[PDB]
Amino acid sequence: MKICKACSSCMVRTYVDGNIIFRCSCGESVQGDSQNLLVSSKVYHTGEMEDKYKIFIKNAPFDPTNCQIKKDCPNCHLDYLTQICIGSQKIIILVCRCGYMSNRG
Amino acid sequence: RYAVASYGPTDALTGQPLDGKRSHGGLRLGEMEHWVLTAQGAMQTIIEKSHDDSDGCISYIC
Amino acid sequence: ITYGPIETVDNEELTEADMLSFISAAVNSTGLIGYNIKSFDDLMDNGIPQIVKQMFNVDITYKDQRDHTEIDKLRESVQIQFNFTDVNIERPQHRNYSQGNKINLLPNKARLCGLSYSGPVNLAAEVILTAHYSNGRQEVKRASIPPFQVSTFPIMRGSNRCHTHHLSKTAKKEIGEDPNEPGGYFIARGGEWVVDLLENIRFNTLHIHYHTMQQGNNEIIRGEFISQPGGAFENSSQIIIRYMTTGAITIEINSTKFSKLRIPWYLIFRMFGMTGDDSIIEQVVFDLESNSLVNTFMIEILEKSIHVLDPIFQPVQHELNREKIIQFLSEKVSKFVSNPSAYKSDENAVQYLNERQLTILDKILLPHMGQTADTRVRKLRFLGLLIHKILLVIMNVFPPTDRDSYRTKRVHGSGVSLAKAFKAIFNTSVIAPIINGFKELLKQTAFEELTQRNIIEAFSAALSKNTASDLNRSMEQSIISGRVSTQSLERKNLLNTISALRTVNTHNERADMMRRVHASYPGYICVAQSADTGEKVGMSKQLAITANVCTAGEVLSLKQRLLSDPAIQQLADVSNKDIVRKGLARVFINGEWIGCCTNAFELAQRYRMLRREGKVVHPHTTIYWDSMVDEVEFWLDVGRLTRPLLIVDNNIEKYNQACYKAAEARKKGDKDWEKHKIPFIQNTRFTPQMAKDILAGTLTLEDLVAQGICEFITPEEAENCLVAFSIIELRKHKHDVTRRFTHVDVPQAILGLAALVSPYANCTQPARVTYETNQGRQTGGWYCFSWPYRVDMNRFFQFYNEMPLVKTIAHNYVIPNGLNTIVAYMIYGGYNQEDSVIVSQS
Amino acid sequence: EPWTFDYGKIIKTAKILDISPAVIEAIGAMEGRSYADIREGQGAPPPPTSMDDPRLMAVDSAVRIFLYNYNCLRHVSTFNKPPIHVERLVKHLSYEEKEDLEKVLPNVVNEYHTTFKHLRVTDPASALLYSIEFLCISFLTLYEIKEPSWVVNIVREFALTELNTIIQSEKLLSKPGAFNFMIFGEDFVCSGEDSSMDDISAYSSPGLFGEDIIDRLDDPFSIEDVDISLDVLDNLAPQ
Amino acid sequence: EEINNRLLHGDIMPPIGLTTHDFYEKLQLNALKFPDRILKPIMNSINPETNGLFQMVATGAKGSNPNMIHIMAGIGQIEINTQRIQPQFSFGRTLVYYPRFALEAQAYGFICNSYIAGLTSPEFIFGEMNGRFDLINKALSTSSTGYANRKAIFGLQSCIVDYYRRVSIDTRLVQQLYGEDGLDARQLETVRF
Amino acid sequence: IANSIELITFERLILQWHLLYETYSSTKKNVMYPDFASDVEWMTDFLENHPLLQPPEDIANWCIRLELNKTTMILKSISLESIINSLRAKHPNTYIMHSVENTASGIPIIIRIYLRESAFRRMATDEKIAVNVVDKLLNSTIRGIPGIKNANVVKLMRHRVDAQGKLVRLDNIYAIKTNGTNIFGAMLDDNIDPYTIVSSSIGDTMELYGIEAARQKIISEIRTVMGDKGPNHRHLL
Ligand SMILES: [Zn+2]
Ligand SMILES: [Zn+2]
């Protein structure tokens, strides 16, 4: 992402030649450097767990429809615990309304 | 239930009997019935039903 | 309004036969038919007047004059604005010679003579005509049409417009009708027609579907959005946000004023202002300072979308001047402009084009968020939210929308379908003749010659020599042929008539999935009733025994109440950066995103409690809280499928307090922490006394919803509920803290009326129940009690019928048709082989 | 460092543009009004009361158009084909002068974007007033440059023509004056509330998801290729 | 329940080629199969010399063993395309009657009750899903078979046995001999060599 | 043999890849991605360990960096040198550099593949054809017969003739059944009998074997689709 400092527009990369300089429709250039060297990336098994389900995992203790198990919560000693099964890996995450998280999210 | 004799209303266009019991004439030997009769090698029941008891005519070709 | 403690309720003697009483209470409250009658009544009371007055305002200018008189030589344009503001429907009348005696037409008389049960529509209009000369000359001619009627709209049987509205059963028998039938049908050319319930996608909801059909492979995920500015009769506008293989995110708006033109999203955003791409990206992704992976993915997608080219909108891709883009859209989408080079010299012409374009875009782009220029920024915020949701689905964070799910479906019946058919037919068969007649009298009569009287007969006579539709042949043709679901009223029996009135139709892997029993059917759609032969299987759904259809609630009252809440921060106060920073939860009413609450779950719980009280929030409102997205959605539109569900209350607060006290005792080391732990107790406040009262008639479902014993749960809210399928299961988990239900069901509520006729159905294979529902609607019997007066075709009347020896609750509302035959299950000569029966000749 | 609105700069800008200050102060606020109404200053909508007011977006768009055109002017040497206005303005300059334009013309964008966003989130009315004040400041500080002479002439012509086109566009967005509707080549002219010619095909609401998509293959539920008659379809019943 | 407990501790390691979810589904499908022992209680309560239903089933007159087991003992696991009921109701819910991320076997179509014992409401809903799937397939049968059959018929109809017992189109050969033996299909008997 | 015959593509041996606009012609200073600057400690150790493959001068300024997941690296048991030789053989337009298979279990194996000037021989943007190059590298076949998605050992039920002439039916015979048909690769492989290759696809039988084998394959496919209570064999004929 790179926005023109003048007209706030998207800046094309246009890698020429050993260095990257950004071109706007208005002509301004910003001299991208060091970090801007990356072009594209792809890491496998990424985009889930601690970012995809953060809202859902946060709201799970207060959702009445979530299955609950008979496990003591270490933080608040509540007898019951909210149990979640996430993804193809079937990762079991135990949450609580106190704030306990089972260190799985 | 329906039963038709050899006479009844015939289509103005094709000369075939009308459709169903309501039109006082019809009932159909569709594609499948012709396939079955041919598979049995009938070709005299097919002649009778499709020509004599249907739009039968004698064309003339020069 | 606190309630009695749930620990003190006594329900151990509450059996299933008592829950059947609650089912009976629900059926009696809904009436099992009244939804269509009340929908049609609401139509003719509030919708049709609004449809004619608000939605039908005419403003058209013609350009053709006669070169004889100098006034006719200095004149080129004449602009006419006429709008009707007076309208009513009165009960059908019979007059023989169409006037004179004006006697009341009776339904049996209409059926006997092949007549139509139609009533006249009296209309009055204010007609304003102006002629625009050259050199800035203008005069105005105003005419007030007296209230007149040229129309007859078909009237349903049973509505207040029907003469049998409040007639007693004896008086119904005198008038020659059927005392027991509820009505719900239209008597057209001697035949009775029932407008069925049509299932439609939910309006003001973003429907996202992958295009994995793999045809026209250039396209990717498409998220469409039907926007309705208000009630169900309003003129809805659809926007389609398409993601393409080329990387382009194009927005196509389909509406009456303008349809079928794919536009890049940044263009639509920047003709409203905020032409800075940074601001557009911030609107879509709600934040730019956060890096994340979600934000990075959307940001790169949007960068590619803006950077890539477009074939049709080439000149304005980089145009940062909103006026040029507005003019481009105006000349590309507005009709009557065949000379692009003509207007290039006039300033006033360009000004008029821009004004009309802004007006149509304001009325067309997300009208449900407002229809005035002051709400364009919030429209852009909502459009950014829609694009964010679609791209969020693209990242596989969310799955596509569930086409078959009934969370996002509405059953539109009688009122809505006839409303839309009426608006289209009225438009054509009134405006087109009136406009053509005005144009003809313009071509002939001198304009300044027209006096106030002359315009009056100009308007009345033009809509007098009309035989194309007359609105009556057209409405009858729509009702017979059928977005108006129709079905010839098949009078096989009373159950057939009722089931026809309860049939839900679709009118649309798609062939297979759309016929299965979806998991959202239980309680609202009969899981058993369906067709048996051919493509009809799963096509005609049936309402469950207790499910009804809601009417349009107090949208404005609830919206004002929400906007007055301290915990709801309106859209003006909170920006997208403030939404992401504080994790604020959006609030929606009828899909109109207003406000943002700090805690969505708390707001939903509080408003659910308030609805349970019933004084301040109507019981029929839907309060759905999405835990995945942290949103609270309030729904009050028509077509929702509510059913009454008994409310389960527990003591989770007291249980938690006791658990914490036991925890503190354990921390102090005392071994007697056991005495400080209490058992979890959950129960419904339904007692056998209420069951007996329900059977005794002293208690109805209204008294139950008032007391907070039960509540109405829509599929949207049903996704937020954990229901115990029977009081037996609630009793089994009466002390289980791992099964805290929110409602308790009555198992008979999942079957329809025809399916319930099968005795011991759950012991039978369910497919057999389905063929029973098919066969229960075909049995001969007492189909109508006025048969000697009617002239029926292919109708069988069976002299003798018996109540089944093993009856079901379905016979409390329909008349049994069949005898209690003594049947021997045996082989007797092989004459009953392969689904044959040996009948006693005696 | 604080900021306050200075109406004197707006008045000076209006005098230089020989139009009333009511026009300059009403940028992005003349929708639904005629220009004669704008000049007199009456019917001016109140100062914006919330961050959602489209007036702030409109005036920011105006300032952004000004800055974009000025940036095209600054970097003309880097364009293979500059737009019409700059080409008309810079056609007499030398290639060395064109390159030196990047060095001579001031960077007038300043901290406009960030502080405008801060004001808009914090106070809408002051944000609109500051947008108009910044537009005026930029136009005059480009106009009132003094050295050298050639850049002075070029920048004065640029500022005049671009502010003129900004005001002209804003007037185009305003309500049209009286005129004959004959320009559009048809026997009739519609309106923004034309319920007469309205696509009734959309009155029948698109209550289905995939309507535009067309399926041509044989429906896998029809009897189109099977051959059975009515009351004989009962043989296709279950079992 | 033991499989679920192993899932609770993350003890289930899928083989390569299957994810943890698909392996868990396969394991639960295998674990909930009805053992052949189930015939013992049915046959203990049946008098085969006089039970009409059993005599119909055993002699092949009508019905099958699964019908008898469903009627008397228990339905067991409901399968829609060789898998349990997928949570279509919501994110992780098979039905409104069961909690999200439910792990009991009943939530995914396991019917503990037999037909004679009576099915509860969610068991009936699952049975209705299975039955409606069967009805949909039966309705698809006529249409799809008709399409394929007409295409095949028009492909093959011109193949007629000639006077050499070759199958020929017009005059062009399709077969040197009809079945490569020249025999009618109605005149064949199976005999051991 | 089933594991050997299974196709193993490069994308399956990688946990993450990054396309970078940097070069390593050495000599000059560096100019490196910040988070990847730590690589120098083994970038120079590679030149020390592999002095026969010095960076060519015609290296472009387009590098793509790969991290190999050791868990699936040892699960399928591919030597890193085999991967590097397959990449180098299948691509002469790139200069492969790699870390050392130290088996440290804590530091991942990194492969930096630098585009060469000859690769940018195409009418298309340099970045776009570089992005095509990385995708082609991720698709390159490393091991196994191409098009063989899977391979599973299934015991077969077969007849054999004994020395006494008895026709004994053997159940101990083991062979593998794959997903995806590539008969040609199966004939090429020596661990697999070339003369007893059976493929479910009519097209590959038609192309490889001929029309008589295609006819027999049509009969076999129609027969296995028919089921148990199928029609007579003469109708399939
Ligand atoms: Zn720029
Ligand atoms: Zn806790």
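Residues numbered from 1 in each chain as written, not as in the entry; some residues may be left out. Chains lettered and ligands numbered in written order. Part of a larger assembly, values for the part shown. Heavy atoms only, no water.

Header annotation of the entry names cryo-EM as the structure determination method and lists the resolution as 3.0 Å.

Recorded under Catalytic activity (unreviewed entry), the UniProt text for chain C is reproduced unchanged: "RNA(n) + a ribonucleoside 5'-triphosphate = RNA(n+1) + diphosphate". Among the UniProt annotations of chain C, the heading Sequence similarities (unreviewed entry) holds the following wording: "Belongs to the RNA polymerase beta chain family." (UniProt positions renumbered as here; feature names shortened; annotations may be inferred.)

Trainee: Kindly report on the coordination of the zinc ion (ligand 1), identifying the contributing residues and their values.
Mentor: Residue and element names in this part refer to chain A. At this site the zinc ion (ligand 1) is bound by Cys4 (SG), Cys7 (SG), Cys24 (SG) and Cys26 (SG), with donor distances of 2.3 Å. Coordination at the zinc ion (ligand 1) is tetrahedral, judged from the four donor atoms that bind it and the angles of 106 to 115° they form at the metal. Here the donor residues of the zinc ion (ligand 1) are spaced in sequence according to C-x2-C-x16-C-x1-C. The exposure class assigned to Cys26 is buried, which follows from its relative accessible area of 0%. (Donors = N, O, S within 2.8 Å, 3.2 Å for Na, K, Ca; no water. Tetrahedral: all angles 85-135°; square planar, octahedral: opposite > 155°, others 65-115°. Buried < 20%, exposed > 50% of the residue type's maximum accessible area, 1.4 Å probe, protein only.)

Trainee: I'd like a rundown of the interface of chain E and chain F, residues and numbers included.
Mentor: On the chain F side, the residues contacting the nine residues of chain E number seven residues. Where chain E abuts chain F, roughly 660 Å² becomes buried across the two surfaces, and 49% of that area is made up of carbon and sulfur atoms. Applying the counting criterion to the chain E and chain F interface returns two salt bridges. Across the pair F:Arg234 and E:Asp181 runs a salt bridge whose closest N-O atoms are separated by 2.5 Å. (Contact = heavy atoms within 4.5 Å. Buried area = accessible area lost by both parts, 1.4 Å probe. Salt bridge = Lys/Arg side-chain N within 4 Å of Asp/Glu carboxyl O.)

Trainee: Quick rundown of the sheet that holds strand β13 (residues 237-244) of chain C? Include the residues and the values.
Mentor: Hydrogen bonds between backbone atoms are what pair the strands of a sheet, whose relative direction is either parallel or antiparallel. Residues and elements named next belong to chain C. Taken in spatial order, the five strands make up an open sheet running β11-β12-β13-β14-β15, and their pairing is antiparallel. For this open sheet the edge positions go to β11 (206-209) and β15 (262-264), each flanked by a neighbour on one side alone. Pairs of neighbouring strands in the sheet enclose a mean axial angle of 25°, with direction left out of account. The pairing of β11 with strand β12 (residues 219-227) spans four bridges and is antiparallel. Opposite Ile208, over in β12, you have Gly223 as the bridge partner. (Pairing = 2+ DSSP bridges. Helix = DSSP H or I, 4+ residues; strand = E, 2+ residues; numbered from the N terminus. Axes fitted to C-alpha atoms, helices over the stretch in contact; angles between N-to-C directions.)

Trainee: Account for the coordination of the zinc ion (ligand 2), with residues named and values stated.
Mentor: All names here are of chain A. For the zinc ion (ligand 2), the full set of protein donor atoms is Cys73 (SG), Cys76 (SG), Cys96 (SG) and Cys98 (SG), at a range of 2.3 Å. Coordination at the zinc ion (ligand 2) is tetrahedral: its four donor atoms span angles of 105 to 113° at the metal. If you list the donors of the zinc ion (ligand 2) from N- to C-terminus, the spacing comes out as C-x2-C-x19-C-x1-C. Of this pair, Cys73 sits in the loop between β2 (68-69) and β3 (81-86) while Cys98 sits in the segment after β4 (91-95); the two residues are 25 residues apart in sequence, bridging distant segments of the chain. When its relative accessible area of 1% is taken as the criterion, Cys73 is described as buried.

Trainee: Go over the interface of chain C and chain D, please, and point to the residues and values.
Mentor: On the side of chain D, 63 residues touch chain C, which itself brings 93 residues to the contact. Summed over both partners, the interface of chain C with chain D buries about 7400 Å², with 57% contributed by carbon and sulfur atoms. Linking chain C with chain D are 30 residue pairs in polar contact, by the criterion used here. Ranked by residue count, the leading element in the side of chain C that touches chain D is helix α10 (residues 347-364) of chain C, at 12 residues. Across the side of chain C that touches chain D, the residue classes tally to 31 nonpolar, 32 polar and 30 charged. Here strand β1 (residues 60-62) of chain C runs beside strand β1 (residues 188-189) of chain D; their pairing, made up of two bridges, is antiparallel. Bridge pairing links C:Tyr62 to D:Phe188 in β1(D). (Polar contact = N/O pair within 3.5 Å; in protein donor to acceptor, adjacent residues only side chain to side chain. Nonpolar A, V, L, I, M, F, W, Y, C, P; charged D, E, K, R; others polar.)

Trainee: Any chance you could break down the packing of aromatic side chains for me, citing the residues and the numbers?
Mentor: Following the criterion strictly, the structure yields 55 aromatic pairs over all chains and no others. On the numbers, 5.1 Å between centres and 45° between planes, the contact of A:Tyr15 with F:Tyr21 is tilted. With A:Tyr15 in the segment before β1 (38-43) and F:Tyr21 in the loop between β2 (14-20) and α2 (40-49), the pair connects residues from two separate chains. The same class applies to A:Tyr15 as to F:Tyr21, namely buried. Taking the centre distance of 6.3 Å and the plane angle of 70° together, the rings of C:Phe797 and C:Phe799 count as edge-to-face. An aromatic cluster is present here, built from C:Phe56, C:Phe82, C:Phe84, C:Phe153, C:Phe422, C:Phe426, C:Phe438, C:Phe459 and D:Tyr203 joined pairwise through their rings. Sitting above the plane of the A:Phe22 ring, A:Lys2 keeps its charged end 5.6 Å from the centroid. Above the face of the C:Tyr406 ring, C:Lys409 is positioned so that its terminal group lies 5.0 Å from the ring centre. (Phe/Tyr/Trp six-rings, centres within 6.5 Å; stacked < 30°, edge-to-face > 60°. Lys NZ or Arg CZ within 6 Å of the ring centre and 35° of its normal.)

Trainee: Tell me about the arrangement of the chains, residues and numbers included.
Mentor: When the 10 pairs of chains in contact are compared, the highest contact count belongs to chains C and D. In this view chain B stays clear of chain F, with the nearest C-alpha atoms of the two still 13 Å from each other. In this structure chain C stays clear of chain F, and the shortest span between their C-alpha atoms is 13 Å.

Trainee: I'd like to hear about the sheet that holds strand β20 (residues 568-569) of chain C, residue by residue, with values.
Mentor: All names here are of chain C. One open sheet accounts for five strands, arranged β20-β22-β21-β24-β23; its pairing is mixed. Two strands in the sheet have a free side with no partner beyond their single neighbour: β20 and β23 (622-626). Direction of pairing for strand β21 (residues 585-589) relative to strand β22 (residues 592-597): antiparallel, over a ladder of four bridges. When the bridges of β22 are listed, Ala585 appears paired with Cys597. Contacts from helix α11 (residues 376-394) reach β21, β22 and β24 (631-635), with the element oriented near 110° to β21. Lying over the sheet, helix α17 (residues 555-563) contacts β20, β21, β22 and β24, oriented at roughly 155° with respect to β21.

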